[PDB]
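Next up is one chain by itself, shown in structure tokens, the form deposited in one PDB entry.
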């Protein structure tokens, strides 16, 4: 009985589609091949003797489409800003989404900084420290996630649902 609009922000290849597909369908490309797209989902969740119905809006992450994003995040109760821990430019871009969301919407939004592909070791380029520190100073929370192994996928959405004003 609690409706929430949730935007997914982040640049191409970060794992936006993978994250929400894991969360919604319990699927990942390596184990279960494709069935439906992932730009929009409605998903219900139980939190502390209640219910949250997430309406999940994906956004185009390419730079040429950046100026269109306010149309998507308008009135969102929440946002997951996704970055790929193996890609430093993705993290720089995730930081810009956060500042913009703070500048140009919307005071009681629940923002979650997701650091995805955590399963990847050799290739990791963004420290949990930088991401954690950044989040701690900007009123949001950082969670490392993996769509591949399902680590912290369900948890990050619960943790947003927990915080809904």
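Numbering follows the first chain given and starts at 1. Rigid core: the largest C-alpha set superposing within 1.5 Å between the two forms. Shifts are known only where both forms have a C-alpha.
Omitted from view is the form deposited in another entry, to which the following refers.
Following superposition on the rigid core between this form and the one not shown, the residue from 99, 32, 44, 133 with a C-alpha displacement of 2 angstroms or more is 32, and no other.
Between this form and the other one, the CA-CA gap for residue 95 and residue 28 widens by 3 Å or more, being larger in the other entry. Pairwise change in the other entry: residue 30 and residue 124 C-alpha atoms lie farther apart than in the shown form, at least 3 Å. Legend: core-fitted overlay between this form and the one not shown; highlighted is 26-38, the single run of at least 3 consecutive residues with CA shifts of 2 angstroms or more.
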